[PDB]
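Colleague: Before we start, here is the structure in question, set down as structure tokens.
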Amino acid sequence: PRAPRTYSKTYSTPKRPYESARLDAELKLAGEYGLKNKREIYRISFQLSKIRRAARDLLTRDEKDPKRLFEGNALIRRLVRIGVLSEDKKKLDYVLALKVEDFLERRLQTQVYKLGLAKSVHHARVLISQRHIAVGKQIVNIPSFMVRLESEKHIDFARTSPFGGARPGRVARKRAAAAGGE
Amino acid sequence: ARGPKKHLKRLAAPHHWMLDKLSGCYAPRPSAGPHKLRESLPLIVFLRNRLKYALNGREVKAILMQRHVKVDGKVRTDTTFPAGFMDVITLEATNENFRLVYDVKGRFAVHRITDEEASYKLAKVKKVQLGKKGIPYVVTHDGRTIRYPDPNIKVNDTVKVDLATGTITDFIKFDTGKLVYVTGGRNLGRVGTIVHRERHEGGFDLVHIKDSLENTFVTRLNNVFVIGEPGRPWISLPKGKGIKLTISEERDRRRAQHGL
Amino acid sequence: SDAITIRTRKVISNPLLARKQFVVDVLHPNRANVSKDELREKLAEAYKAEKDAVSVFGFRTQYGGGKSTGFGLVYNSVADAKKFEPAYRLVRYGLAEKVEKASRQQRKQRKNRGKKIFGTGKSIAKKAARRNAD
Amino acid sequence: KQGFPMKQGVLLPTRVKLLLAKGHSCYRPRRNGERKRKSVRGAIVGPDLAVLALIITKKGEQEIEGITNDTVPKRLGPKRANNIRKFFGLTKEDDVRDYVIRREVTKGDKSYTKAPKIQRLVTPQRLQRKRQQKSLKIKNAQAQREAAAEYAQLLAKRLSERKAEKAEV
RNA sequence: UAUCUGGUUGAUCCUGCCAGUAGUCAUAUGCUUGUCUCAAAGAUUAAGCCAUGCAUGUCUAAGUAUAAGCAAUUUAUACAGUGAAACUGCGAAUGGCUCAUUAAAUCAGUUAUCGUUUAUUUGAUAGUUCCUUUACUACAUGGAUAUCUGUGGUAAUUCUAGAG
RNA sequence: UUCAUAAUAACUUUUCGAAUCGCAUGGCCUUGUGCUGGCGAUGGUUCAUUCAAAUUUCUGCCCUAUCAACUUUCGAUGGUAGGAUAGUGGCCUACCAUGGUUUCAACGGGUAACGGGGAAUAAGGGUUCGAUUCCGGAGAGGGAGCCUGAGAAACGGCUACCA
Ligand SMILES: [Mg+2]
Ligand SMILES: [Mg+2]
Ligand SMILES: [Mg+2]
Ligand SMILES: [Mg+2]
Ligand SMILES: [Mg+2]
Ligand SMILES: [Mg+2]
Ligand SMILES: [Mg+2]
Ligand SMILES: [Mg+2]
Ligand SMILES: [Mg+2]
Ligand SMILES: [Mg+2]
Ligand SMILES: [Mg+2]
Ligand SMILES: [Mg+2]
Ligand SMILES: [Mg+2]
Ligand SMILES: [Mg+2]
Ligand SMILES: [Mg+2]
Ligand SMILES: [Mg+2]
Ligand SMILES: [Mg+2]
Ligand SMILES: [Mg+2]
Ligand SMILES: [Mg+2]
Ligand SMILES: [Mg+2]
Ligand SMILES: [Mg+2]
């Protein structure tokens with residue numbers, strides 16, 4: 001009885017299971033942006049839908065009066081920092097049209113691929129999980145990390161491990177011993 | 001059940017401790033004393049969560065045993081003494097005296113007060129009554145009873161208290177156009193002037209109180225504490241000074257002020 | 001190579017506890033882990049405290065080695081450090097001794113076996129010796 | 001037999017369950033305020049007894065081994081000053097620091113003197129603590145007499161101000 | 001983040017229901033199960049039953065000490081260092097568990113106690129006890145009871161009877 | 001306010017007004033060991049305050065008319081007086097009056113009902129759930145009765161009867 005640490009079943013399924021075009025359209029997304037699950041998509045869709053839900057419940061009220069203006073702006077501020085929303089569009093009514101595809105292209109997954117490094121997309125997810133890639137001076141092994149647009153530039157290979165060039169790749173310790181034997 | 005309650009469970013812990021949801025099933029029950037359960041502040045919260053002079057309750061306990069801590073002149077060794085509103089807490093090692101005063105948000109604040117002024121405690125009324133030997137006596141909402149007061153120290157009117165001796169330095173009357181600090185929930189820790197006093201028969205005396213910014217607000221009398229006449233409040237108040245800004249106003253001041 | 005680049009954030013000086021209490025941000029450039037005995041050497045030379053009076057805890061490195069964020073105290077003296085600090089921290093450093101004691105349940109069994117009797121145990125032992133004939 | 005103690009004032013030569021509070025014997029109460037029904041034997045003697053206690057008040061002919069030959073001295077004695085004053089029979093004028101059974105106990109080679117913890121005296125520290133309390137009693141009475149006089153004066157000072165304001169129209 | 005399909009027909013459009021569909025800090029189970037953080041967990045049926053052990057006791061410069069205890073040594077010719085035991089004090093009415101009762105009852109907010117108790121809490125504080133006033137306990141009144149000393153019982157028990 | 005409080009009158013199986021305790025050993029000589037005085041502890045009186053405590057105001061519950069009357073001999077509703085209680089009171093007692101509630105569902109029954117906070121669901125309106133981390137309330141096998149105590153109708157107290 002400290003307190004129930006709250007949580008959410010955050011990421012929530014669609015209300016049918018077999019809309020053929022959705023089943024493809026979700027595959028397309030998991031193929032383009034390399035997602036192991038449908039979950040990874042619904043995760044974004046819900047995470048996004050929560051925002052949308054705010055935007056609707058702000059746009060119901062008059063933008064000029066307080067919450068509408070403040071919470072809406074803070075909601076926009078949040079998105080532009082996370083880098084989904086453009087700098088062309090900061091008008092709340094544009095937040096309403098954000099979509100899942102724009103959210104995914106902001107993940108650390110993709111911003112590896114968009115800055116080169118990996119080649120062929122998935123490789124990044126593998127690099128990320130395999131403890132390379134440091135956004136700050138701090139390793140990240142979540143693919144779905146959401147990059148901060150400000151921090152985008154700081155994405156490089158880790159101080160530790162290969163590719164940064166500290167230690168080469170764990171079959172060298174095999175063949176450096178094997179070549180020394182010959 | 002079966003008489004008074006000895007524990008206080010942390011979620012039930014009054015919010016203006018700013019006690020931590022986790023890191024303990026319980027909260028420190030403020031012990032019995034001059035200030036009401038929720039309106040008090042037990043020293044564990046003061047010395048640990050607020051000031052961080054202790055890293056845990058143990059160290060607070062010892063800090064009170066060695067004994068430089070002196071809440072309102074007297075020493076205290078009580079981990080959960082009701083150090084409520086106005087209570088001058090003087091730590092003689094460091095010389096860091098603190099008056100207990102509400103931040104505009106509502107939650108109490110560390111005000112790193114002078115030698116010096118932390119020497120009187122402002123205190124309200126309460127009573128006016130008389131006791132035995134026909135002695136007229138005054139009582140402070142903020143704890144103490146003081147004997148033989150000036151006849152025209154009336155009710156809901158403040159009194160400066162000598163604190164170390166515990167007598168009467170001076171008093172501020174309650175009436176129209178007098179700087180008034182606030183101690184009631186939503187308007188808690190705001191400051192203002194006083195315009196009206198709706199008398200009201202039975203159902204609580206109201207007071208219409210314009211701040212520096214002249215945003216009017218109403219409270220009840222019981223939640224109002226006359227800090228002086230306008231311009232000169234008798235206590236040194238924290239940065240913010242009882243204004244209470246709007247939400248966007250606070251967001252503006254934060255993201256404007258970025259000095260790395 | 002590495003140099004164990006120690007730092008010392010949030011120095012809250014404390015006459016009530018007779019210490020400077022603070023966080024220890026630390027680094028490992030290519031080394032892995034800092035270790036505590038190595039830290040108190042680095043806190044001794046930095047604060048003029050000596051290993052004895054320094055008391056550090058918490059840490060838990062970030063991730064990718066990188067960093068470690070301790071919670072270093074530096075007392076005013078060794079005698080001061082002994083009489084304030086909880087015993088377990090004095091055991092860690094080798095200053096105080098580990099308090100050799102009986103198990104918890106055995107202490108409670110010993111409490112209740114003691115609760116069961118009344119007065120002095122010399123009376124019940126002499127009665128028990130008399131019952132050997134019975 | 002069986003082993004229930006013959007409580008006095010009970011009557012009958014029979015076994016009786018009986019309610020016994022603190023303030024009597026026959027029950028060592030393990031709560032500060034508590035009654036309880038322990039069993040008890042009556043006061044009158046019957047065949048079922050193993051044991052009667054018998055105070056051998058006045059002596060007779062045959063002294064038996066060491067029941068009336070040897071003498072076990074008193075372990076404890078007078079603690080209070082008025083007790084030591086009765087026991088020896090000294091009165092007030094004899095003064096104090098001695099009449100006490102110090103014991104010379106040995107650990108092994110070392111041999112040194114024990115002593116009691118005797119109470120009650122007109123001690124210098126006792127006297128001064130009374131005089132201090134007596135002073136506080138007087139000084140607190142003066143201070144409140146002074147404070148009462150000051151507000152008897154202050155009320156009169158206000159009373160003159162009321163009379164000046166009132167008389168006009 | 002307002003969503004519908006299959007089914008009575010020869011086929012049609014309805015009434016209509018059933019069936020699916022999604023989710024449940026909603027129970028159960030069936031497979032399967034590598035890691036990280038977090039983490040409910042004998043409520044549902046029997047407020048059914050309970051071996052064993054434990055979960056409430058507490059002493060400070062500071063209520064009571066000739067333990068025939070420990071101390072031991074450079075305050076005791078009444079006492080003063082530690083202190084088992086015990087009485088006194090206070091606590092054990094807190095917490096914990098549970099949901100059987102219980103349907104204007106409980107309970108929520110709302111008042112009220114000018115209708116009351118309140119150890120503790122921190123603030124306050126009692127020349128008047130005398131009883132005619134020329135020789136009176138007050139620089140200190142009394143005897144008990146416990147722990148103890150033994151005398152014991154019992155088939156048992158955190159049973160305790162007598163004397164000092 | 002018949003309040004606070006103050007008076008006149010007394011009582012009373014005359015409450016309380018320290019025959020209590022640890023550290024500190026100062027100040028005047030009427031040169032006694034005199035008279036004097038510091039820092040604390042507990043205790044103790046009603047007034048305060050706090051922790052609370054009992055009541056109590058208003059409004060608010062799930063299903064059932066295959067419950068339309070119910071309460072009032074055995075307190076129901078009111079009154080006068082007492083008794084009790086810490087205290088208000090049909091809380092109890094005497095004497096008196098005949099009230100009281102009801103289709104704006106009294107009363108009765110049901111509840112696989114502890115109440116609330118909340119939970120799930122999730123356009124809006126809602127439905128169902130809330131034993132369960134907080135807040136109330138109850139209970140400690142049942143049902144009683146009580147000791148101590150500020151606070152217990154305690155149950156890691158006791159007395160009993162049933163099981
Ligand atoms: Mg309880
Ligand atoms: Mg009122
Ligand atoms: Mg690594
Ligand atoms: Mg006891
Ligand atoms: Mg609908
Ligand atoms: Mg048909
Ligand atoms: Mg067909
Ligand atoms: Mg269905
Ligand atoms: Mg003693
Ligand atoms: Mg009156
Ligand atoms: Mg009282
Ligand atoms: Mg009456
Ligand atoms: Mg039920
Ligand atoms: Mg319900
Ligand atoms: Mg509930
Ligand atoms: Mg149930
Ligand atoms: Mg509860
Ligand atoms: Mg049971
Ligand atoms: Mg009972
Ligand atoms: Mg209990
Ligand atoms: Mg029990």
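Each chain in the structure tokens gets a letter, A, B and so on, in the order shown; residues start at 1 in every chain, and ligands are counted from 1 in the order they appear.
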List the neighbours of segment 35-46 of chain B out to 8 Å using only C-alpha atoms (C1' of nucleotides); skip same-chain residues closer than 3 positions along the sequence, and give me the result as a list in words.

Modeller: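 In the requested format, the answer is residues 13, 14, 17, 19, 28, 29, 30, 31, 32, 49, 50, 51, 57, 60, 78, 79, 80, 81, 82, 83, 84, 85, 141, 142 and 143 of chain B; 50 of chain F.
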
Colleague: According to DSSP computed on the backbone, where in segment 129-229 of chain B is there strand (DSSP E or B)? Give the residues as a ChimeraX atom specification.

Modeller: /B:129-130,136-139,145-147,158-161,170-172,180-182,191-192,196-198,206-208,218-220,224-225,228-229

Colleague: May I have the residues from that selection written out with C-alpha atoms, as an mmCIF file, in the first residue's frame?

Modeller:
```cif
data_model
loop_
_atom_site.group_PDB
_atom_site.id
_atom_site.type_symbol
_atom_site.label_atom_id
_atom_site.label_comp_id
_atom_site.auth_asym_id
_atom_site.auth_seq_id
_atom_site.Cartn_x
_atom_site.Cartn_y
_atom_site.Cartn_z
ATOM 1 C CA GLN B 129 -12.500 36.092 25.791
ATOM 2 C CA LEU B 130 -11.876 36.342 29.552
ATOM 3 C CA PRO B 136 -9.020 39.238 29.654
ATOM 4 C CA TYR B 137 -7.008 37.093 27.240
ATOM 5 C CA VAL B 138 -6.394 36.768 23.544
ATOM 6 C CA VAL B 139 -5.774 33.658 21.453
ATOM 7 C CA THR B 145 -2.844 32.417 23.981
ATOM 8 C CA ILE B 146 -1.580 35.793 25.190
ATOM 9 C CA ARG B 147 -2.843 37.369 28.431
ATOM 10 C CA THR B 158 -3.543 40.325 13.840
ATOM 11 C CA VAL B 159 -1.021 40.709 16.646
ATOM 12 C CA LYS B 160 2.767 40.871 16.450
ATOM 13 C CA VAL B 161 4.233 38.604 19.110
ATOM 14 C CA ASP B 170 1.861 45.578 18.379
ATOM 15 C CA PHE B 171 -1.383 44.801 16.515
ATOM 16 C CA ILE B 172 -3.005 45.509 13.145
ATOM 17 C CA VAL B 180 -4.095 40.803 3.835
ATOM 18 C CA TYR B 181 -2.377 37.484 3.288
ATOM 19 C CA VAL B 182 -4.546 34.465 2.457
ATOM 20 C CA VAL B 191 -2.087 38.758 -1.114
ATOM 21 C CA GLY B 192 -4.360 41.775 -1.448
ATOM 22 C CA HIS B 196 -15.721 44.558 1.282
ATOM 23 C CA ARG B 197 -16.553 42.483 4.303
ATOM 24 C CA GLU B 198 -19.892 40.793 3.651
ATOM 25 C CA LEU B 206 -16.553 36.954 3.124
ATOM 26 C CA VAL B 207 -13.828 39.378 2.049
ATOM 27 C CA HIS B 208 -13.233 40.890 -1.376
ATOM 28 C CA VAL B 218 -13.229 36.411 -2.422
ATOM 29 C CA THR B 219 -12.427 34.173 0.535
ATOM 30 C CA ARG B 220 -13.720 33.543 4.041
ATOM 31 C CA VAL B 224 -7.441 35.517 5.815
ATOM 32 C CA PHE B 225 -4.534 36.908 7.879
ATOM 33 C CA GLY B 228 -0.467 45.010 7.479
ATOM 34 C CA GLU B 229 -1.675 48.202 5.807
#
```

Colleague: How would you report the residues lying within 12 Å of ligand 6, as a ChimeraX atom specification, if you count only C-alpha atoms (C1' of nucleotides) and all ligand atoms?

Modeller: /E:8-9,15-16

Colleague: Please return as a list in words the residues found within 7 Å of ligand 13, counting only C-alpha atoms (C1' of nucleotides) and all ligand atoms.

Modeller: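 Using only C-alpha atoms (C1' of nucleotides) and all ligand atoms, everything at most 7 Å from ligand 13 comes to residues 99, 100 and 101 of chain E; 113 and 114 of chain F.
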
Colleague: Give the residues of chain B that lie within 8 Å of chain C; count only C-alpha atoms, and format the answer as number ranges by chain.

Modeller: B: 53-54, 59, 63, 66, 68, 93-94

Colleague: Now that the selection is made, can you save its residues with N, CA and C atoms as a CSV table (one decimal), in the first residue's frame?

Modeller:
```
chain,number,residue,atom,x,y,z
B,53,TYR,N,18.5,19.2,4.3
B,53,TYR,CA,19.6,19.2,5.3
B,53,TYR,C,19.7,17.8,5.9
B,54,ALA,N,18.7,17.0,5.9
B,54,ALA,CA,18.7,15.5,6.1
B,54,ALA,C,18.4,14.8,4.8
B,59,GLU,N,18.4,11.1,10.1
B,59,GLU,CA,19.2,12.3,10.2
B,59,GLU,C,18.4,13.5,10.7
B,63,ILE,N,19.3,15.5,14.0
B,63,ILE,CA,19.3,16.9,13.8
B,63,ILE,C,18.5,17.6,14.9
B,66,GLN,N,20.5,17.2,18.3
B,66,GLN,CA,21.6,18.1,18.3
B,66,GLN,C,21.3,19.3,17.5
B,68,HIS,N,20.3,22.5,17.5
B,68,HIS,CA,20.4,23.9,17.0
B,68,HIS,C,19.0,24.3,16.5
B,93,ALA,N,23.1,26.6,13.7
B,93,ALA,CA,24.2,26.1,12.8
B,93,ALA,C,23.7,26.4,11.4
B,94,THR,N,24.5,27.2,10.7
B,94,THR,CA,24.2,27.8,9.4
B,94,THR,C,23.5,29.2,9.5
```

Colleague: Could the residues of chain C within 12 Å of chain D, counting only C-alpha atoms, be given as a list in words, please?

Modeller: residues 115, 116 and 118 of chain C

Colleague: Which one is closest to residue 53 of chain F: E:50, E:118, E:125, E:144? Count only C-alpha atoms (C1' of nucleotides).

Modeller: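 Nearest to residue 53 of chain F: E:118.
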
Colleague: Counting only C-alpha atoms (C1' of nucleotides) and all ligand atoms, name the residues that have an atom within 9 Å of an atom of ligand 21; the answer should be given as a ChimeraX atom specification.

Modeller: /F:140,155-156

Colleague: Quick one: which chain F residues come within 12 Å of ligand 18, and what is the nearest atom pair for each with the distance in Å to one decimal, counting only C-alpha atoms (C1' of nucleotides) and all ligand atoms, rows ordered by chain and ascending number, as a Markdown table?

Modeller:
```
| residue | atom | partner | partner_atom_place_in_ligand_line | distance |
| --- | --- | --- | --- | --- |
| F:139 | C1' | ligand 18 | 1 (Mg) | 11.2 |
| F:140 | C1' | ligand 18 | 1 (Mg) | 8.6 |
| F:141 | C1' | ligand 18 | 1 (Mg) | 5.4 |
| F:142 | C1' | ligand 18 | 1 (Mg) | 10.5 |
| F:163 | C1' | ligand 18 | 1 (Mg) | 12.0 |
```

Colleague: Output the neighbourhood of ligand 14 as a PDB file with N, CA, C and O atoms (P, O5', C5', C4', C3', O3' and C1' of nucleotides), in the first residue's frame, that is, all protein and nucleic acid residues with some atom at most 10 Å from the ligand, counting only C-alpha atoms (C1' of nucleotides) and all ligand atoms.

Modeller:
```pdb
ATOM      1  P     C F  61     -32.163   9.594  -4.749  1.00  0.00           P
ATOM      2  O5'   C F  61     -31.618   8.388  -3.863  1.00  0.00           O
ATOM      3  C5'   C F  61     -31.856   7.017  -4.224  1.00  0.00           C
ATOM      4  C4'   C F  61     -30.549   6.304  -4.461  1.00  0.00           C
ATOM      5  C3'   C F  61     -30.709   4.829  -4.801  1.00  0.00           C
ATOM      6  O3'   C F  61     -30.728   4.645  -6.217  1.00  0.00           O
ATOM      7  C1'   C F  61     -29.294   5.086  -2.898  1.00  0.00           C
ATOM      8  P     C F  62     -31.901   3.783  -6.926  1.00  0.00           P
ATOM      9  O5'   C F  62     -31.088   2.836  -7.915  1.00  0.00           O
ATOM     10  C5'   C F  62     -29.857   2.210  -7.493  1.00  0.00           C
ATOM     11  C4'   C F  62     -29.903   0.723  -7.746  1.00  0.00           C
ATOM     12  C3'   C F  62     -31.286   0.098  -7.876  1.00  0.00           C
ATOM     13  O3'   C F  62     -31.758   0.198  -9.212  1.00  0.00           O
ATOM     14  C1'   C F  62     -30.001  -1.173  -6.368  1.00  0.00           C
ATOM     15  P     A F 113     -24.271  -8.748  -5.121  1.00  0.00           P
ATOM     16  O5'   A F 113     -24.377  -8.778  -3.534  1.00  0.00           O
ATOM     17  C5'   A F 113     -25.310  -7.932  -2.854  1.00  0.00           C
ATOM     18  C4'   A F 113     -24.752  -6.547  -2.690  1.00  0.00           C
ATOM     19  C3'   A F 113     -23.899  -6.327  -1.441  1.00  0.00           C
ATOM     20  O3'   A F 113     -22.538  -6.663  -1.681  1.00  0.00           O
ATOM     21  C1'   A F 113     -25.571  -4.681  -1.530  1.00  0.00           C
ATOM     22  P     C F 114     -21.662  -7.289  -0.519  1.00  0.00           P
ATOM     23  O5'   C F 114     -21.552  -6.091   0.523  1.00  0.00           O
ATOM     24  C5'   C F 114     -20.896  -4.868   0.158  1.00  0.00           C
ATOM     25  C4'   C F 114     -21.396  -3.758   1.044  1.00  0.00           C
ATOM     26  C3'   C F 114     -21.112  -2.325   0.620  1.00  0.00           C
ATOM     27  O3'   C F 114     -21.963  -1.862  -0.432  1.00  0.00           O
ATOM     28  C1'   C F 114     -20.575  -2.559   2.885  1.00  0.00           C
ATOM     29  P     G F 115     -21.359  -1.061  -1.709  1.00  0.00           P
ATOM     30  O5'   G F 115     -21.632   0.470  -1.360  1.00  0.00           O
ATOM     31  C5'   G F 115     -22.685   0.870  -0.455  1.00  0.00           C
ATOM     32  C4'   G F 115     -22.537   2.322  -0.052  1.00  0.00           C
ATOM     33  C3'   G F 115     -21.645   3.191  -0.929  1.00  0.00           C
ATOM     34  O3'   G F 115     -22.323   3.665  -2.082  1.00  0.00           O
ATOM     35  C1'   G F 115     -20.915   3.399   1.268  1.00  0.00           C
ATOM     36  P     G F 116     -21.548   3.739  -3.472  1.00  0.00           P
ATOM     37  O5'   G F 116     -20.544   4.952  -3.255  1.00  0.00           O
ATOM     38  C5'   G F 116     -21.037   6.224  -2.801  1.00  0.00           C
ATOM     39  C4'   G F 116     -19.896   7.116  -2.382  1.00  0.00           C
ATOM     40  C3'   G F 116     -18.800   7.314  -3.410  1.00  0.00           C
ATOM     41  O3'   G F 116     -19.207   8.145  -4.496  1.00  0.00           O
ATOM     42  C1'   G F 116     -17.811   6.946  -1.319  1.00  0.00           C
ATOM     43  P     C F 129     -24.015  -4.156 -11.808  1.00  0.00           P
ATOM     44  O5'   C F 129     -22.471  -4.129 -11.399  1.00  0.00           O
ATOM     45  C5'   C F 129     -21.563  -5.130 -11.916  1.00  0.00           C
ATOM     46  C4'   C F 129     -20.109  -4.807 -11.633  1.00  0.00           C
ATOM     47  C3'   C F 129     -19.737  -4.284 -10.255  1.00  0.00           C
ATOM     48  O3'   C F 129     -19.677  -5.279  -9.243  1.00  0.00           O
ATOM     49  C1'   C F 129     -18.632  -3.002 -11.864  1.00  0.00           C
ATOM     50  P     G F 130     -19.966  -4.882  -7.727  1.00  0.00           P
ATOM     51  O5'   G F 130     -18.766  -3.890  -7.377  1.00  0.00           O
ATOM     52  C5'   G F 130     -17.405  -4.359  -7.249  1.00  0.00           C
ATOM     53  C4'   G F 130     -16.470  -3.250  -6.807  1.00  0.00           C
ATOM     54  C3'   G F 130     -16.808  -2.559  -5.495  1.00  0.00           C
ATOM     55  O3'   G F 130     -16.482  -3.240  -4.289  1.00  0.00           O
ATOM     56  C1'   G F 130     -16.356  -0.917  -7.108  1.00  0.00           C
TER      57        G F 130
END
```

Colleague: Need to verify the contact set: residue 16 of chain D, 8 Å, only C-alpha atoms (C1' of nucleotides), exclusion of same-chain residues closer than 3 positions in sequence. Can you return it as a list in words?

Modeller: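 Counting only the stated atoms, we get residues 39, 40, 41 and 42 of chain D.
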
Colleague: Excluding residue 37 of chain D and residues on its chain fewer than 3 positions from it, collect all residues at most 8 Å away from it, counting only C-alpha atoms (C1' of nucleotides), and give them as a PDB file with C-alpha atoms (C1' of nucleotides), in the first residue's frame.

Modeller:
```pdb
ATOM      1  CA  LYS D  17     -13.483 -21.361  40.118  1.00  0.00           C
ATOM      2  CA  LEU D  18     -13.415 -17.731  41.255  1.00  0.00           C
ATOM      3  CA  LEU D  19     -13.019 -14.241  39.707  1.00  0.00           C
ATOM      4  CA  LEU D  20      -9.834 -12.452  40.926  1.00  0.00           C
TER       5      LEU D  20
ATOM      6  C1'   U F 159     -16.789 -12.995  32.483  1.00  0.00           C
TER       7        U F 159
END
```

Colleague: Near chain E, which residues of chain D fall within 8 Å when you count only C-alpha atoms (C1' of nucleotides), and what do they look like as a PyMOL selection string?

Modeller: chain D and resi 1-7+26-27+38+50-51+53-55+74-77+81+84+96-102+110+112+115-119+121-122

Colleague: Store the residues picked out above in a file with C-alpha atoms, as an mmCIF file, in the first residue's frame.

Modeller:
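Result file part10.cif:
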```
data_model
loop_
_atom_site.group_PDB
_atom_site.id
_atom_site.type_symbol
_atom_site.label_atom_id
_atom_site.label_comp_id
_atom_site.auth_asym_id
_atom_site.auth_seq_id
_atom_site.Cartn_x
_atom_site.Cartn_y
_atom_site.Cartn_z
ATOM 1 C CA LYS D 1 -3.813 -31.856 45.460
ATOM 2 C CA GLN D 2 -3.912 -30.958 41.728
ATOM 3 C CA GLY D 3 -2.522 -27.674 43.015
ATOM 4 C CA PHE D 4 -4.975 -24.764 43.497
ATOM 5 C CA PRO D 5 -3.961 -22.414 46.262
ATOM 6 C CA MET D 6 -6.053 -22.167 49.426
ATOM 7 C CA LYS D 7 -7.201 -18.543 49.229
ATOM 8 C CA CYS D 26 -4.081 -15.446 43.566
ATOM 9 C CA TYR D 27 -3.688 -13.656 40.243
ATOM 10 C CA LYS D 38 -8.499 -18.401 37.962
ATOM 11 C CA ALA D 50 -0.694 -32.307 50.113
ATOM 12 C CA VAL D 51 0.510 -29.182 51.981
ATOM 13 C CA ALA D 53 1.905 -23.794 55.743
ATOM 14 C CA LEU D 54 2.580 -23.420 59.453
ATOM 15 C CA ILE D 55 4.292 -20.393 61.033
ATOM 16 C CA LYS D 74 18.582 -10.270 56.169
ATOM 17 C CA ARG D 75 19.602 -9.795 52.509
ATOM 18 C CA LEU D 76 18.043 -6.332 52.227
ATOM 19 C CA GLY D 77 17.538 -3.618 54.842
ATOM 20 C CA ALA D 81 16.677 7.692 55.781
ATOM 21 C CA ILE D 84 17.766 3.769 58.924
ATOM 22 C CA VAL D 96 25.176 10.992 57.500
ATOM 23 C CA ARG D 97 27.407 8.827 54.988
ATOM 24 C CA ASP D 98 27.961 5.233 57.026
ATOM 25 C CA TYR D 99 25.344 2.969 58.708
ATOM 26 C CA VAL D 100 25.218 0.573 55.818
ATOM 27 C CA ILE D 101 26.294 -2.970 54.954
ATOM 28 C CA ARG D 102 29.184 -2.511 52.510
ATOM 29 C CA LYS D 110 41.218 -7.721 43.225
ATOM 30 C CA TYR D 112 36.931 -3.991 46.727
ATOM 31 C CA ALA D 115 27.487 -0.073 48.614
ATOM 32 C CA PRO D 116 23.656 0.516 48.337
ATOM 33 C CA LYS D 117 21.711 3.443 46.737
ATOM 34 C CA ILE D 118 20.029 5.029 49.870
ATOM 35 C CA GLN D 119 17.237 7.664 49.433
ATOM 36 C CA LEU D 121 17.744 13.446 52.968
ATOM 37 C CA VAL D 122 18.060 17.173 53.544
#
```

Colleague: Got a sec to pull out which chain B residues are within 6 Å of chain E, counting only C-alpha atoms (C1' of nucleotides), and send them as a PyMOL selection string?

Modeller: chain B and resi 2-3+6+32-34+144-145

Colleague: Could you write out as a PyMOL selection string the residues of chain C within 10 Å of chain A, counting only C-alpha atoms?

Modeller: chain C and resi 29-30+62-67

Colleague: Could the residues in this selection be saved with N, CA and C atoms as a short mmCIF file (atom, residue, chain, number, x, y, z; two decimals), in the first residue's frame?

Modeller:
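Writing done, so here's part_35.cif:
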```
data_model
loop_
_atom_site.label_atom_id
_atom_site.label_comp_id
_atom_site.auth_asym_id
_atom_site.auth_seq_id
_atom_site.Cartn_x
_atom_site.Cartn_y
_atom_site.Cartn_z
N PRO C 29 35.81 7.17 -19.70
CA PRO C 29 36.31 7.07 -21.09
C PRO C 29 37.16 5.82 -21.43
N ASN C 30 36.49 4.77 -21.89
CA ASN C 30 37.08 3.46 -22.27
C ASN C 30 37.26 2.44 -21.11
N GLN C 62 24.72 4.97 -15.90
CA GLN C 62 23.63 5.22 -16.85
C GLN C 62 23.37 3.97 -17.71
N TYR C 63 24.23 3.78 -18.70
CA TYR C 63 23.94 2.94 -19.85
C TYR C 63 25.04 3.21 -20.86
N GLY C 64 25.54 2.15 -21.50
CA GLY C 64 26.74 2.25 -22.35
C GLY C 64 27.96 2.68 -21.54
N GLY C 65 28.09 2.13 -20.33
CA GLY C 65 29.07 2.59 -19.35
C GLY C 65 28.89 4.07 -19.12
N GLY C 66 29.74 4.85 -19.78
CA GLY C 66 29.55 6.30 -19.92
C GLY C 66 29.75 7.14 -18.67
N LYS C 67 28.85 6.95 -17.71
CA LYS C 67 28.65 7.88 -16.62
C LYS C 67 28.23 7.12 -15.39
#
```
